[PDB]
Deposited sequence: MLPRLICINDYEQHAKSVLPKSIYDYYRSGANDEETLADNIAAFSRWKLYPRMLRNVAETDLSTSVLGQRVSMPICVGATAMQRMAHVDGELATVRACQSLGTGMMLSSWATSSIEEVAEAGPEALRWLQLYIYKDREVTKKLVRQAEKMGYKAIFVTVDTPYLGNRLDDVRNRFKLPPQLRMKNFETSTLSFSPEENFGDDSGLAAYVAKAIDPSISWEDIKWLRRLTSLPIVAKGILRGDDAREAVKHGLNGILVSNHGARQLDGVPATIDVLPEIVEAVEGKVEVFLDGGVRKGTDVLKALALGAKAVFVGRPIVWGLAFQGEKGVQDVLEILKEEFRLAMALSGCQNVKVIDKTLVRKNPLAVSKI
């Protein structure tokens, strides 16, 4: 297969409508789902010519840890619905490639099983502050023990988003909105973030910030990064594309913490634009799932290599031999 969009159409075939719709969906009318993609098109590239691009180096670092490319795997729940191997395939592919994986909450594999499947792979844990604070506490402890290098706290889901396709055909695995309400605490504030900060010395990244002020607030509370994310357009519909908010957030943080982006990344040029606008790395969600549905582990590895090569070429044609050379002048919005 040639590009990421071919993988989605192949996953559509191999997967039951019920399950493909769950992975594909955005919230309500899917205005933001469409805009995550479209916004990248509105950012035009202004490449520099005649720079030595012979040995294009894609390596960078995420929160102190080296990675082979600024493209890492984002947290998506219930990966075993896409392929029998699920999270284990994902993490093994990340290991092959030298990139990191964010293990999702409601993963279809344990934190321990993931660690063992990819012992040398870079691993981070995505987590919610649950009603039962002890559950959050145990997860953090387990992540520390099992060699996970960061905690991503998702802050944009006091309740689960209203995804129309999920209701039209009811859904379950051994609706979804009720399970979230029982477990995830809608009352949480910056005080509950102070608690999480004292709970661990691991780098914590606030996942799902879309506002400048909230970003400054994250910095003030001693967190170590912002993942600019609209939760794959699955939460509040009508929020801007994450590539559009990224500038405001990059500027608000004033270089004090690393800023990352997910939502809409499907091409090498997407990666380049995000890094030009100031993101340190990007995360992909759906593309990994589509890879998984096609060929499990080899599917994920293929998806990440297609993105890797596309990013290498896009870097080369922009006159960027390494990631440190990328700058704001490479992009301008129409």
Worksheet, complete the sentence: Comparing deposited sequence to modelled residues, the uncovered ranges are 1-4, 179-203, 364-370
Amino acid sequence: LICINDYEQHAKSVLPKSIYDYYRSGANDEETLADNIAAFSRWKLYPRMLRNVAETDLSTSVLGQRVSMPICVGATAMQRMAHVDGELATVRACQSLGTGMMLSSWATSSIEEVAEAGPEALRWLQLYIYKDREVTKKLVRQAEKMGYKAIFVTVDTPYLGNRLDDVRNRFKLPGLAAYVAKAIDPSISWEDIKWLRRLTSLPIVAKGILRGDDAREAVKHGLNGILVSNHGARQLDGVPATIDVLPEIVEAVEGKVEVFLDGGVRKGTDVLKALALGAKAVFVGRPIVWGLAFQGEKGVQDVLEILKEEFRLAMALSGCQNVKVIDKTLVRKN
From here on, numbers count along this sequence of modelled residues.
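What we label the rigid core is the largest C-alpha set whose atoms superpose within 1.5 Å from one form to the other.
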Item to complete: Could you say which moves further from this form in 9 other deposited structures of this protein, stretch 181-189 or stretch 203-211, by root mean square CA distance after aligning on the core?
Response: 181-189
Practice prompt. May I ask which stretch, 265-273 or 51-59, sits farther from the shown form in 9 other deposited structures of this protein once every structure is superposed on the core, judging by RMS CA distance?
Written response: 51-59
Worksheet item: Which is higher on average in the deposited entry, the C-alpha temperature factors of 316-324 or of 9-17?
Response: 9-17
Worksheet item: Out of 89-97 and 237-245, which one has CA B-factors that are higher on average in the deposited record?
Response: 89-97
Item to complete: Identify, among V140, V257, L261, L103, the residue whose C-alpha carries the highest B-factor in the deposited PDB entry.
Response: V140
Discussion item. Among the choices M146, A252, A150, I71, identify the one whose CA B-factor in the record is greatest.
Written reply: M146
Worksheet item: Based on the entry's values, in what third of the chain does the Cα temperature factor of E55 lie: lowest, middle or highest?
Response: highest
Practice prompt. Could you say whether, by C-alpha temperature factor, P203 belongs to the lowest, middle or highest third of its chain?
Written response: middle
Item to complete: Divide the modelled residues of the chain into thirds by Cα B-factor and specify which third, lowest, middle or highest, holds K182.
Response: highest
Practice prompt. Just say lowest, middle or highest third for the CA B-factor of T136 relative to the other modelled residues in its chain.
Written response: highest
Worksheet entry | Third of chain Cα B-factors occupied by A75 | middle
